Novice: 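One structure, as structure tokens, below. Some questions next.
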There are 4 protein chains.
Amino acid sequence: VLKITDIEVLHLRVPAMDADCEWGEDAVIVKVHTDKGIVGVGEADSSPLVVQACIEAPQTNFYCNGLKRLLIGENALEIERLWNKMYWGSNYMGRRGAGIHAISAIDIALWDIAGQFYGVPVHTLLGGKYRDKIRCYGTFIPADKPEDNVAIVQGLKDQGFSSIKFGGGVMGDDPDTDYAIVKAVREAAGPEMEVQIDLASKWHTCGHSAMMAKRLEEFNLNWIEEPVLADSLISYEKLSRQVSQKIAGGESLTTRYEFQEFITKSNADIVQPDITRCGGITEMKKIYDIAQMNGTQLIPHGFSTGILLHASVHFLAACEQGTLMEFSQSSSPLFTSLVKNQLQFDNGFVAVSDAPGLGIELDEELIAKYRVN
Amino acid sequence: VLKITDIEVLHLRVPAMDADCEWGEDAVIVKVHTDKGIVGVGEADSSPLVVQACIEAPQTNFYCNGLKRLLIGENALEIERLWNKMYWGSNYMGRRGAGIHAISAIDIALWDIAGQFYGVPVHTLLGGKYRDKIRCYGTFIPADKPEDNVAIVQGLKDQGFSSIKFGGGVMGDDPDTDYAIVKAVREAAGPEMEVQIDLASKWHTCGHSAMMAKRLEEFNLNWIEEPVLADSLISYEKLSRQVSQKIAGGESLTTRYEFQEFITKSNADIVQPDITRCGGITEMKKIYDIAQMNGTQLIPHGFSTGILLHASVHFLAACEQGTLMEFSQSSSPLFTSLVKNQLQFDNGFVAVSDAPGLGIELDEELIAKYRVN
Amino acid sequence: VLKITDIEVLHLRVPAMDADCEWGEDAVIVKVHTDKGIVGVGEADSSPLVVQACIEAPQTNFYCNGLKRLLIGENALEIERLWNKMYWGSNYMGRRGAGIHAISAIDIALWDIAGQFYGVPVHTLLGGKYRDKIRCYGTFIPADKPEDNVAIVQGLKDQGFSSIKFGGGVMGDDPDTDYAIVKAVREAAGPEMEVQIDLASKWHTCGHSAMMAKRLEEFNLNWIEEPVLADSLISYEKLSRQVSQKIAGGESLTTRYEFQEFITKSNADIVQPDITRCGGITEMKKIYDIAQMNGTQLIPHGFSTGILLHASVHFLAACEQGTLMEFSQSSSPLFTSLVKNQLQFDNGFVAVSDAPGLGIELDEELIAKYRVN
Amino acid sequence: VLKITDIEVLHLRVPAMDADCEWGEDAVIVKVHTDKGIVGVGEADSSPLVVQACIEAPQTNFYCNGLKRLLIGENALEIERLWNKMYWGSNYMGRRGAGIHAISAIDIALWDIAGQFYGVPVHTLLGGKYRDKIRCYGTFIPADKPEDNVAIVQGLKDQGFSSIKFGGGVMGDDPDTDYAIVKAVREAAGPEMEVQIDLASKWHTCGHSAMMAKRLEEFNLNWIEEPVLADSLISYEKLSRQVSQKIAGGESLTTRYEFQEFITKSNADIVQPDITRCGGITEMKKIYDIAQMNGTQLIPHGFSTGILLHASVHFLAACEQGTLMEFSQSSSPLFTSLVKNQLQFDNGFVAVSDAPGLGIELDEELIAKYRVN
Ligand SMILES: [Mg+2]
Ligand SMILES: [Mg+2]
Ligand SMILES: [Mg+2]
Ligand SMILES: [Mg+2]
């Protein structure tokens with residue numbers, strides 16, 4: 001039987017431990033080692049220090065063990081049983097939130113392991129591939145001055161993007177400033193392009209979100225992502241009845257339970273689990289099933305490294321409705337270079353890899369360079 | 001204009017990191033330091049390494065800061081605004097679970113500070129005390145042999161306990177054993193005593209749960225605690241339609257959002273937030289209001305140190321319906337001795353402290369002896 | 001301990017006791033006296049004679065005591081416990097309506113007392129301030145002839161108001177007269193200004209309200225306040241499904257219970273408790289929490305004296321979503337001059353006061369002048 | 001063309017203003033005077049000072065007039081239009097609570113006038129009498145010692161009471177005492193008697209309430225009255241799903257709106273409007289219709305003077321299901337002697353009066369003796 005022999009956690013960071021940090025300038029990656037010398041790689045988009053503690057923690061009580069402790073000596077191929085072992089065994093400190101992000105990383109690595117052991121791409125183990133490539137949308141953080149975004153938008157257009165998302169930075173702060181940035185990007189993109197917006201909850205309330213949506217209705221937005229916090233399922237529901245554009249959310253949620261509540265109560269058009277936060281590939285499978293039962297489109301969230309990319313691609317290839325992925329752009333060495341043989345965006349699409357497991361080879365020299373721990 | 005100058009996390013432990021650990025043999029306490037020399041003390045009943053990481057974490061992104069970074073230089077008196085700053089600022093890594101445990105500890109410390117600063121017990125800041133002492137119930141892990149339990153029951157009877165709870169260990173596993181443990185405890189306690197069971201999710205399904213509910217209807221139990229996992233709200237509701245006894249749960253939940261769902265969808269009679277997990281005193285207050293609006297009894301959960309105890313007593317004293325508290329006991333030096341002037345169980349009841357803040361003086365010798373960090 | 005020693009009720013009136021009276025030409029204010037010589041000031045926007053009787057009443061039965069009787073000798077700092085004491089103790093004559101207005105006045109004065117005793121502004125005790133000033137909207141009673149409102153609107157525009165509300169007088173009487181007044185104010189204000197209307201229930205029925213709303217839809221009204229009586233929650237709900245503009249109501253309601261029913265059943269966009277009617281600052285806190293849970297915007301109602309103003313400002317400063325206040329305009333000496341150091345509207349905003357308690361000094365000479373009792 | 005010329009409020013009292021007072025030692029009665037010499041009598045079971053203020057109040061605003069000002073010069077026969085004029089005209093200070101108590105008194109007086117004017121008993125104006133007498137139940141405050149109660153039960157048995165209610169005093173406080181009081185009363189009355197309890201909200205929560213419901217299932221109580229406060233409709237509904245006995249409440253509510261909510265959301269078996277609080281005879285009629293539509297039994301609440309008694313009998317006589325009335329007794333001269341020709345309890349029953357109006361002649365000597373104003 002294939003036995004787990006070690007779990008290795010690697011904190012990677014680009015700026016200083018006291019300095020500021022954007023999305024994608026740090027990472028936490030896990031290597032699961034087995035007795036046959038198959039290593040699986042996963043990651044979590046979460047706080048690296050916290051994820052590390054969830055994995056490396058000792059026993060606190062019978063329902064509170066660090067994840068490494070529960071998994072050394074275990075049968076790596078039995079992925080779902082191990083998911084349930086980690087979930088129960090770390091339940092006191094996990095169950096929702098950071099502990100589930102830790103589980104996601106390990107689960108992803110276990111799927112990598114199984115694919116390599118069995119000699120098949122993960123998409124085969126998930127049921128088989130429906131497509132040889134996946135359509136992407138590109139994302140950017142918008143420039144403070146509205147008309148300075150034309151250069152960014154045009155830069156994505158000749159890259160081949162037929163769909164774009166923007167938000168963060170100073171997005172949501174001024175109704176007039178919000179209007180002027182959305183103006184300058186639709187004009188720069190033309191009337192064929194899909195344009196969607198992400199507020200990262202910055203419109204705060206239901207009323208401010210609805211007023212802003214009718215004013216931006218002329219620009220024909222494809223969706224409006226996280227106008228408010230996903231805590232208020234009532235606020236989402238109420239926005240759905242009163243807005244014309246699609247509503248998207250869900251990226252910060254963890255486990256099938258939170259997704260089941262979101263999907264059925266928010267009346268969102270689009271649900272966006274992150275494969276490295278939600279519980280991993282195993283959990284994402286169950287979340288997809290719930291979405292399908294409810295007529296909700298699942299478009300995964302994610303921007304970290306090639307590990308998230310390879311996991312998300314393998315997952316979507318295996319979905320009948322896996323027709324759209326987020327492909328975010330960064331100059332960070334962690335995004336561009338950590339995975340040596342990284343899948344590349346190419347004229348509107350990313351190709352599906354058929355290599356065993358997740359098809360990940362890590363840049364070992366780069367690990368040595370940015371290793372905090 | 002009291003400013004926060006430092007947040008000091010103390011990991012305490014009795015056995016070694018590689019060794020076995022039960023409820024109460026480790027703790028994570030937080031000291032919040034101000035520029036006027038007053039210190040506030042809080043704790044989190046969770047994994048000490050994870051809570052430490054939540055507090056000490058650097059910036060990862062705009063919604064992902066460790067708590068300490070968000071709080072140095074802030075006005076300590078502005079407790080609810082600071083709760084929201086932490087909730088928002090750590091949202092990506094927190095929101096539910098481990099991050100909220102870390103928030104709970106700090107929140108508790110901030111209340112302790114405000115009390116000292118204002119020269120009044122926390123119960124006055126919470127609205128004023130309804131009682132001079134609080135009725136307690138006692139808890140035990142039952143011995144494997146059913147006939148061995150008569151000495152533990154009697155031991156609690158000698159202390160003055162009019163109400164007792166048992167669970168954990170071999171409770172839950174075998175239905176015949178379960179019956180044999182419940183047999184010996186009602187007989188040893190007599191018909192006078194309130195007797196409650198806590199299965200810690202070990203009956204697994206409502207089908208297995210409902211069978212024992214008709215079986216032990218002759219033993220007249222006060223409540224049945226966590227028959228299944230609180231993840232299945234439907235399983236709880238279904239139990240409430242066919243069970244004679246009262247249903248209790250909720251100890252592992254975090255934020256008013258999880259409690260609002262549990263309270264309204266589970267039809268449980270009793271909700272059990274832990275003050276050191278749910279979000280702290282600030283959040284506990286909101287959870288109390290929701291419980292009141294829905295006719296649900298709030299009996300807090302908690303067993304760690306005198307910190308949890310002092311916070312729970314100050315809370316319940318200020319609640320119109322704050323009429324019952326868990327008083328679990330251990331010989332563990334972290335429970336008995338960390339808080340110097342610790343409130344004592346006394347013939348059925350724990351007295352309400354009127355000292356300013358939470359009335360907590362820490363055994364500084366003991367801290368040095370048992371600190372891991 | 002800080003003990004209540006007296007409760008002093010002052011009926012102030014501008015015109016004769018047999019003459020007509022507009023909004024703001026009479027007031028009832030309460031002074032709560034303590035043994036440390038701290039006086040707290042509150043008021044109720046209600047009938048002065050009735051409020052006075054609720055406070056000064058003797059015992060009628062065990063659940064029917066005047067409020068003064070329940071509070072002399074009590075511990076003033078224990079505000080929420082005293083709220084519950086008054087609520088239970090006056091339940092037979094109070095519970096809803098005028099008795100709750102009486103409670104509001106006292107509760108406001110108790111918060112004033114606590115702030116002074118502790119040496120902090122009330123906004124600190126409510127959780128801390130989110131903003132140094134609060135955006136206001138101005139209100140006026142419209143002139144009978146439509147085009148005579150231009151002078152009023154322009155008068156508010158150079159005052160700095162970016163948002164205006166009008167109603168009362170002859171508002172709601174004629175569909176053509178209603179249309180012509182709304183015409184002449186939007187033209188006078190321009191297309192940038194927020195313009196909202198208040199009918200004070202004068203459209204009577206659901207059908208008349210809906211027909212009038214589509215005809216005024218061109219003028220882009222920010223909200224429609226109280227089209228019908230808030231008794232018919234069904235009428236509000238039905239209007240929400242069929243109207244484009246925001247629906248506001250709630251000003252006449254009392255206690256969390258009426259607000260919970262309104263908020264959840266009316267599907268109103270905006271809920272408007274009056275801090276001097278709803279149960280006071282204590283109750284308003286619980287009403288805010290309910291609004292937040294349901295995605296409903298809370299915009300306080302109020303126009304009486306500086307006492308209501310100072311209470312509402314302290315409250316909103318302490319709300320994460322306290323972004324808008326009603327600032328009504330009157331020439332009445334009670335509005336302009338009763339509070340000596342009154343906060344002033346200044347170019348679109350009112351500044352937040354940091355003085356201890358509510359920051360209220362009463363014009364004692366003015367009290368002597370208009371004192372009926 | 002009968003015109004109202006005066007409304008005369010009479011505050012009556014037995015002990016002094018500073019002294020103790022129980023149910024029935026004060027009253028507030030209203031005389032409505034017409035220009036044709038006929039006088040109508042009503043009362044309000046509420047605080048006499050507050051009801052007086054509600055009636056005698058000046059104008060405060062357009063929706064805030066004292067009732068007397070709204071009614072002088074009006075056509076007394078137009079009772080329902082006058083109810084609506086008062087409801088609307090005092091809405092700001094009334095709407096629920098004390099203002100509706102003041103309306104109730106006047107409404108009752110107007111019915112008394114119409115009856116005299118038309119030469120027919122009020123029961124004819126209400127639709128016509130179904131019965132010549134009404135079955136009564138009797139009430140007592142139980143003596144502290146459980147064994148002392150056997151003489152009171154027997155005392156009521158001697159009078160002819162086939163149905164009895166007890167509560168107040170020390171009822172509610174201690175569960176063992178509660179059981180010991182209920183023990184002695186079923187035994188003293190025998191199995192024949194209908195026995196009911198009224199806790200006056202003193203069981204506080206449904207958890208405490210439901211335990212006694214299984215406990216006293218052997219005593220076969222006719223109903224359990226107001227176990228908790230009627231504010232928590234959810235608490236009532238939850239009690240109805242698990243209680244053997246019938247649930248009663250509603251005595252403190254005002255207007256068809258509160259009753260509609262209580263009746264439909266509480267799942268109570270019995271609703272108890274007080275004719276002198278709920279809105280008067282006019283409103284009671286509407287509340288009866290709602291109760292009928294929902295299968296809810298209406299048993300009126302009331303203990304004050306012969307005014308309440310004469311109004312309640314005239315009401316119930318005209319109801320198809322007006323088959324049970326509360327007949328509480330006191331030695332108090334306001335109860336026994338204010339109404340000269342007072343209807344008498346007679347061997348189980350109170351006879352129906354056919355005199356025009358309410359058949360009320362007031363003891364004018366007694367008025368002079370006990371008037372406060
Ligand atoms: Mg997003
Ligand atoms: Mg438990
Ligand atoms: Mg209004
Ligand atoms: Mg009663």
Side-chain angles (χ1 to χ4, degrees), chain A residues 61 63 92, chain B residues 23 45 137 139 141 165-168 171-172 196-202 223-227 230 248-253 270-274 277 299-303 326 328, chain C residues 23 45 61-63 92 137 139 141 165-168 171 196-202 223-227 229-230 248-253 270-274 277 299-303 326 328, chain D residues 23 45 61-63 92 137 139 141 165-168 171-172 196-202 223-227 230 248-253 270-274 277 299-303 326 328:
Chain A
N61 55 57
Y63 299 103
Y92 209 58
Chain B
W23 281 66
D45 198 25
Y137 75 87
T139 79
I141 307 102
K165 198 175 81 191
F166 65 101
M171 198 74 198
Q196 301 95 64
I197 50 163
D198 181 4
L199 311 145
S201 305
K202 281 166 151 203
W223 75 74
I224 300 172
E225 184 170 331
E226 298 204 320
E251 75 186 63
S252 50
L253 310 180
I270 295 170
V271 71
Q272 303 170 308
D274 182 323
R277 291 170 59 88
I299 301 169
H301 169 273
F303 177 58
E326 191 183 327
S328 293
Chain C
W23 258 273
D45 201 0
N61 55 57
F62 190 70
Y63 299 103
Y92 209 58
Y137 72 86
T139 80
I141 305 167
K165 195 174 86 193
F166 63 96
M171 202 73 207
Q196 43 265 185
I197 61 161
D198 186 2
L199 302 143
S201 314
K202 290 213 278 157
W223 76 74
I224 297 163
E225 182 170 323
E226 296 209 299
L229 284 175
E251 76 183 55
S252 67
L253 306 177
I270 288 155
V271 69
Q272 305 175 302
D274 187 320
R277 292 175 57 85
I299 303 176
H301 166 264
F303 166 57
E326 183 194 315
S328 284
Chain D
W23 281 66
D45 198 25
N61 61 63
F62 204 78
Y63 301 94
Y92 205 54
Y137 75 87
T139 79
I141 307 102
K165 198 175 81 191
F166 65 101
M171 198 74 198
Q196 301 95 64
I197 50 163
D198 181 4
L199 311 145
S201 305
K202 281 166 151 203
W223 75 74
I224 300 172
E225 184 170 331
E226 298 204 320
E251 75 186 63
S252 50
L253 310 180
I270 295 170
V271 71
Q272 303 170 308
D274 182 323
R277 291 170 59 88
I299 301 169
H301 169 273
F303 177 58
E326 191 183 327
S328 293

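Remember, it's 1-based here, ligands and their atoms both numbered in the order they're listed. All values below come from the heavy atoms of this structure, side chains included, with hydrogens, waters and symmetry mates left out. Per chain, numbering begins at 1; letters A, B, ... match sequence-line order.
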Novice: Are any of the side-chain heavy atoms of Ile197(D) and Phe166(D) separated by less than 4.5 Å?
Specialist: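 A side-chain contact under 4.5 Å exists here.
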Novice: Taking atom CZ as the centre, does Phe303(C) end up with more than 12 heavy-atom neighbours from other residues, nucleotides or ligands that are less than 6.0 angstrom away?
Specialist: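 It does: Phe303(C) CZ has more than 12 such atoms within range.
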Novice: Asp198(C): which N/O/S atom is nearest the Mg ion (ligand 3)?
Specialist: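 Of the nitrogen, oxygen and sulfur atoms in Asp198(C), the Mg ion (ligand 3) lies nearest to OD2.
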Novice: Of the options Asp45(D), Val271(D), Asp198(D), which is the one that meets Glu251(D) in a side-chain contact (heavy atoms from CB on, under 4.5 Å)?
Specialist: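 Testing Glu251(D) for a side-chain contact (heavy atoms from CB on, under 4.5 Å) against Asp45(D), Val271(D), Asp198(D) leaves exactly one candidate, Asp198(D).
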Novice: Suppose we only allow N, O or S atoms; which atom of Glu225(D) ends up nearest to the Mg ion (ligand 4)?
Specialist: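 Result: OE2.
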Novice: Side chains of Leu199(D) and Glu226(D): closer than 4.5 Å at any heavy-atom pair?
Specialist: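 No, every pair of side-chain atoms sits at 4.5 Å or beyond.
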Novice: Check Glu251(C) and report its N/O/S atom nearest to the Mg ion (ligand 3), by atom name.
Specialist: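 When I compare the N, O and S atoms of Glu251(C), OE1 is nearest to the Mg ion (ligand 3).
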